[PDB]
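Observations on the three-dimensional arrangement
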Amino acid sequence: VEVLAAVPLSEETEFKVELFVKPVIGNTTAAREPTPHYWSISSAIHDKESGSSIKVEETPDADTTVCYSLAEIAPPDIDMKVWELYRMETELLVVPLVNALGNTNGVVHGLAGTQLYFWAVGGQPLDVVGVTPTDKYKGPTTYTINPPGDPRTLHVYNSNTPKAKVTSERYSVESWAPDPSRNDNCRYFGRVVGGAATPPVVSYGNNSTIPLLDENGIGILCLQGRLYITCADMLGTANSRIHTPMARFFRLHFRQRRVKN
Amino acid sequence: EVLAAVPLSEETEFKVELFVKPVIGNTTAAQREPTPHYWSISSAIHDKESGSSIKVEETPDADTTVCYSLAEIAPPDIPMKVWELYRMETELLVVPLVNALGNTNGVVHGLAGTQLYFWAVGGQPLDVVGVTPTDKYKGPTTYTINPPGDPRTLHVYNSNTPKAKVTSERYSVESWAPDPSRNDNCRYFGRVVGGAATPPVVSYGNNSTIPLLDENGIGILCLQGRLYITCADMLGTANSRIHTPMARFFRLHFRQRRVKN
Amino acid sequence: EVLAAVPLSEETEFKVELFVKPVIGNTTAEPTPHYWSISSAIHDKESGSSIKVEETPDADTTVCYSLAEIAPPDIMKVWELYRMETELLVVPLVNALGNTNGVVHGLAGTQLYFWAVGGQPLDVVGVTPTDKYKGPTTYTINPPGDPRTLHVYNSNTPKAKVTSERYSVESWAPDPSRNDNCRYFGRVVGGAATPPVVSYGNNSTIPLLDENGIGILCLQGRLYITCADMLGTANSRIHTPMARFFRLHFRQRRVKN
Amino acid sequence: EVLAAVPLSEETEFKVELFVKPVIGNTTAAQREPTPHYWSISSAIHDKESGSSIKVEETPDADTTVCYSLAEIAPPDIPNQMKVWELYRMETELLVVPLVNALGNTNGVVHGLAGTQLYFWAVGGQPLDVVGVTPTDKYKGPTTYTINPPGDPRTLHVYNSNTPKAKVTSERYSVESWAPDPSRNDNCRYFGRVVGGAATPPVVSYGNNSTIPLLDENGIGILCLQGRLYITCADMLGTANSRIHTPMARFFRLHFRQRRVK
Amino acid sequence: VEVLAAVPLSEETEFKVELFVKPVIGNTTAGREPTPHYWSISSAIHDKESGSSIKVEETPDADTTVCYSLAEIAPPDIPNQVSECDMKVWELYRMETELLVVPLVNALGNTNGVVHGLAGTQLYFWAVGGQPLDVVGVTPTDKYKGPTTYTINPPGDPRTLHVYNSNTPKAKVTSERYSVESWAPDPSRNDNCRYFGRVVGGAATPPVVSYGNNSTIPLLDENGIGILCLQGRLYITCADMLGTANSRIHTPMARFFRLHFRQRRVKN
């Protein structure tokens, strides 16, 4: 895989797509592939009944976790030419939450808490690394693909850390992190904010682009004719339910790249 | 489409200053179009008497929501040349709120909470997208144009998400977000801050401009001889009432653009 | 009509340093400003009283814009303010605030940081924060009009020039539609418990040239400084910096006719 | 009377590193120079035993206030000078560790350091020019150790003609009573940040690959006209369990070249 | 010693390594070298039983403190390393470092449906050097001794160590036993070393961590010289603390490094 020069940006050598990627929340019902919930509001987080021996901090309902969202783009068909993602815009679809959250005797409720803002854009699926937040965290007993291994040994990156590729919408954001040792031909960016009551701050607009060229001036190459978008966003909780943007918008700019073959 | 800019001359330039008033929903039914409240302080958010079946978190009073504000500018006739907005300044009209908020045994009350800061500037009305914050949010039963559809399916961007254009001051800021897939010939910018007690931070001054040229050096073109200003700003709540800046100021700079016809 | 700058010479340059004092309203019977950096306590009146403190507070508990004028030496040619430094005079408040059983009290709350510099007084716009806010019954020049109609900028919005130290910062905001030949900058921070953050130093300047390279022109031979700063409250009293420092740099400008 | 810089040479350059200790007031009284406490943790702030007439918000124990720290540097003599030493750049860096276990807990609830903060340094060819101020209409300062601003506290909470001036020539100037004088301090660089609030988290960065240039608009640094450089500084991170905390030290590395003068 | 010119970037003269450095928490159990816990979650901080005399704010369990993590890199041996006039040595000229982190929500539990969060006092620190990190011994309190096992505590009276003075002990981070609450990097030393640290106080302060894969940190000094591996080794030392949750300290799952070496000429 040797990279040559960019093709002169022409009408039939350029390609643009806009798309909205929906947020994903886990599904407790068992089906045939499990179905994602496209929700921007989860079920309530709460300790189970007195008698029950399910510990919600160890095995939460799939209902109350966010998984990475997925989308694939196959640009039109074309000493070899391949599609190159050289820039993009991405923007969050978001409204302020006030009235919908209710009030306690006129004290307005608000959206706040632990947050994630993540996007990834690559010529193959996102390489991910399996982790536990706690010595006792197993994940949901349905829907989610949980990291294989003893939770007591996975709260640190070690030789037994499991690796995986985000090829379905079943990877919980609380259990899998992007693998910085892999993800070649891929740009990603993530921001985690902790705290129980941390206000989320989101900006959006329509006159701002993200360049995607590396140190050599090479963007993402679609070597198998596909671009893999993977992303996840979490704004905090409100009334014990996790909230998400209504969507993550992408506009992708492709040119053509010469590759030796 | 677009040719060269006309040499900046006295006859070929045009400037306007204006203040855009904030909009709050009106509970009284009209006689005639519904009338906006130009208020920077809403009615109190509070639950109904425990007998009542109106759920304020599902159908709030129009009284307690902010809608997008509107203004149109028609620059003077031209004796095809078209008006082009190439830069502007916009500034919030704001004072600190201290004494007016009262106190509790000398404990000074403050303005804080969930915030929005938004402006848009375009050759046509703002393209907007209909959304729900909750699986149960319907919006006010009067005044507001609410997003058509089942609230259970609108909390995520999907094939059923309704589209609209902000052509009246009846679009609640809690239900409609700018459409990033549209809004060509338009620049907008939005910031949303969550939280129930988040302090607002506003800066203002008179020596700062916003350039409005795109990647090609083209500003907003008034193809039908009009510029559409649409904006909304929310600073938080105080004593259960939402506050807004007293106004949003704009100064618009137009030159003339030669256009192939 | 503005011409070229005069070559920077010894007699064509002028510098002044000054401290501008904060202003708090005065309840007693021109009315005299209180030059205080700490106000009276905000509290409701006794139960019997018909005075509503959120509608008509004591002048005692509000900050008004501070004023200073500078007339550079006599010299056609006119004095031009082309740069300045401004800096807040400030100390951390710890012991002075007291404590509740060892829990140290702090300064926090709603803030304003504002300065303006112009060849005429600051153009200001009258506003109400509430449908019911009238302002203090003495000292302050309150915005004329029904409070129910002034919480939004409209036709009834009164205009005024800051020509005395009686303009409450809670009722008057700089007019962005006017204030030609003037730079100003303001920051407002809300919240009841918001920590103030203030930086200061002595190696930082603010340029004051506009898009044309023209600073503030003293067309009537005067420079008008107007400013106000509020750090929050402590024990129900509003605090201010001890002063706002300015150093002004003037050159000469040829103004045609 | 400033001329050109001397060509950077081995003999014409000079570097020093030093740690400046934080200063807290000392209650044990005078007769003789009072002794500073070099502490990064003060005594507890608390009201006196009920019935007492000492008001801690008006006259606190010297124990519970931070004073400006001092250090002087005299670079080596200049074989037949007039050439003078010029501080043209420096690095300064806070010596700091996160406080967790040491702060204790309340039924498993970890205590933290938070509160009102100051971060200040000054570097000059003479002592720091300072201005006397009161935070309150009733604040007198500690009845021992500290040099308190002269005047009625009711008239000192604003800068006016009654504002006393002083030079930081001892480690007895309380940070709560004296602020750098922006109308003076020629041949001096200083920088200060004040953060209010009772529970404000401090944020401190440090590293070893970052310098602060000290040249003014003319390309002139601090000139040691009497052969000395005066370092004055103070840093406060907040409180923990009613005691004020400080960095363990403020580090400086100073870079001198020589400046020719007439 | 006397640094000469960089060797022309070649295939033969370049070297890259990626590695993950594990966080370190103290170990209470006990003969040989004490074993670090590679945990991103500590034991609970709690006072002892009302009948005990161990004061947890003076001598905490090794269990509840973070120590500096260590890693060493020895790049490949150099062909024709020494000549008449000079020798070639490995020079670290840039790196990327990135935290391995996930949001903690469900794992933290809840009280009546009020979701728990990770918050509190934080440290973000990395160091990269041709020798071990020079560190300075300090006390946060006039009474803090540190854990009675595992940790190498600063020698001296705690009453005199809460300030930098002539009694301040110096040390090199040569094992994973230096508690982050007792030892700070020495700015008066650490030549041929770049380090960077951020401390955030407060009991309830939210941590904010960014990560990505298109950002590098240059490591050249004022002269254009990076870290020189004069004894053929690069020493990585680092520590990161995100706050507490349910009385236990949390850490990133790891700190990732990618190191870029070229060759540097040096007069012997």
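- As summarised from the PDB record, the model derives from X-ray crystallography at a stated resolution of 2.55 Å.

Observations regarding the overall build of chain D
- Across its full length, chain D holds zero helices and 21 strands.
- Scaling as 2.2 N^0.38, a compact globule of 262 residues should have a C-alpha radius of gyration of about 18 Å, and chain D matches this with 20 Å.
- For chain D, the C-alpha atoms occupy an extent of roughly 65 × 45 × 35 Å along the three principal directions.

Observations concerning the overall build of chain B
- The number of helices and strands found in chain B is zero helices and 20 strands.
- Seen through its C-alpha atoms, chain B measures out along the principal axes to roughly 65 × 45 × 35 Å.

A look at the interface of chain C and chain B
- Facing 50 residues of chain C, the contacting portion of chain B comprises 42 residues.
- Taken together, the two surfaces of chain C and chain B that pack against each other cover about 3700 Å², and 60% of this comes from carbon and sulfur.
- Considering only the side of chain C, the residues that lose the most area to chain B are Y153, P176 and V188 of chain C, jointly responsible for 17% of the buried surface there.
- Joining chain C to chain B, the criterion identifies two salt bridges.
- In this structure, the salt-bridge partner of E211 of chain C is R87 of chain B, at a minimum N-O distance of 2.8 Å.
- Taken together, the connections running from chain C to chain B amount to 16 residue pairs in polar contact.

Remarks on the pattern of salt bridges
- Inspection of every chain in the model, using the stated rule, returns 75 salt bridges over all chains.
- For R83 of chain C, the salt bridge is made with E217 of chain D, and the minimal N-O distance between the two is 2.9 Å. Placement of the pair is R83 of chain C in strand β6 (residues 77-89) and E217 of chain D in the loop between β16 (212-213) and β17 (222-223), with the two residues belonging to separate chains.
- On the basis of relative accessible area, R83 of chain C is assigned to the buried category, the value being 19%.
- Judged by relative accessible area, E217 of chain D falls into the exposed class, the value being 60%.
- In this structure, a network of salt bridges that share partners links the residues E18, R87, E89 and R251 of chain A together with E215 of chain B.

Some remarks on the packing of aromatic side chains
- Counted by the stated rule, this structure contains 48 aromatic pairs over all chains.
- Three or more aromatic residues link up through ring pairs in this structure, and these residues are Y68, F118 and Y188 of chain A together with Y211 of chain E.

Side note on the arrangement of the chains
- Nowhere do chain B and chain D come into contact; their C-alpha atoms are at least 14 Å apart.
- With respect to C-alpha atoms, chain C approaches chain E no nearer than 14 Å, and the pair has no contact.

Notes on the interface of chain D and chain C
- Each side of the interface is counted separately: chain D has 50 residues, and chain C has 43 residues.
- Each partner contributes to the roughly 3700 Å² buried at the junction of chain D and chain C, and carbon and sulfur atoms together form 60% of this total.
- Considering only the side of chain D, the residues that lose the most area to chain C are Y159, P182 and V194 of chain D, jointly responsible for 16% of the buried surface there.
- Counting across the chain D and chain C interface gives two salt bridges.
- Taken together, the connections running from chain D to chain C amount to 15 residue pairs in polar contact.
- In terms of residue count, the dominant contributor to the side of chain D that touches chain C is strand β14 (residues 188-195) of chain D (eight residues).
- The class makeup of the residues in the side of chain D that touches chain C is 25 nonpolar, 16 polar and nine charged.
- Bridge count for strand β14 (residues 197-201) of chain C against β14 of chain D is five bridges, and the pairing is antiparallel. Bridge pairing in β14 of chain D places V197 of chain C opposite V195 of chain D.

Re the sheet that holds strand β9 (residues 115-122) of chain B
- Sheet architecture is open: five strands sit in the order β15(A)-β13(B)-β9(B)-β17(B)-β5(B), paired in antiparallel fashion. Edge positions in the open sheet fall to β15 (201-205) of chain A together with β5 (69-73) of chain B, since each of these has one partner strand only. When strand polarity is set aside, the average angle formed by the axes of neighbouring strands in this sheet is 10°.
- Bridge analysis of β9 of chain B against strand β13 (residues 186-193) of chain B gives eight bridges, and the strand direction is antiparallel. Of the residues in β13 of chain B, the one forming a bridge with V121 of chain B is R187 of chain B.

Here is what the cut-offs are and how they apply
Residues numbered from 1 in each chain as written, not as in the entry; some residues may be left out. Chains lettered and ligands numbered in written order. Heavy atoms only, no water. Residues with missing side-chain atoms left out of burial classes, pairs and counts. Helix = DSSP H or I, 4+ residues; strand = E, 2+ residues; numbered from the N terminus. Rg over C-alpha atoms; globule rule 2.2 N^0.38 Å. Contact = heavy atoms within 4.5 Å. Buried area = accessible area lost by both parts, 1.4 Å probe. Salt bridge = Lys/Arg side-chain N within 4 Å of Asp/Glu carboxyl O. Polar contact = N/O pair within 3.5 Å; in protein donor to acceptor, adjacent residues only side chain to side chain. Buried < 20%, exposed > 50% of the residue type's maximum accessible area, 1.4 Å probe, protein only. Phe/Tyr/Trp six-rings, centres within 6.5 Å; stacked < 30°, edge-to-face > 60°. Nonpolar A, V, L, I, M, F, W, Y, C, P; charged D, E, K, R; others polar. Pairing = 2+ DSSP bridges. Axes fitted to C-alpha atoms, helices over the stretch in contact; angles between N-to-C directions.

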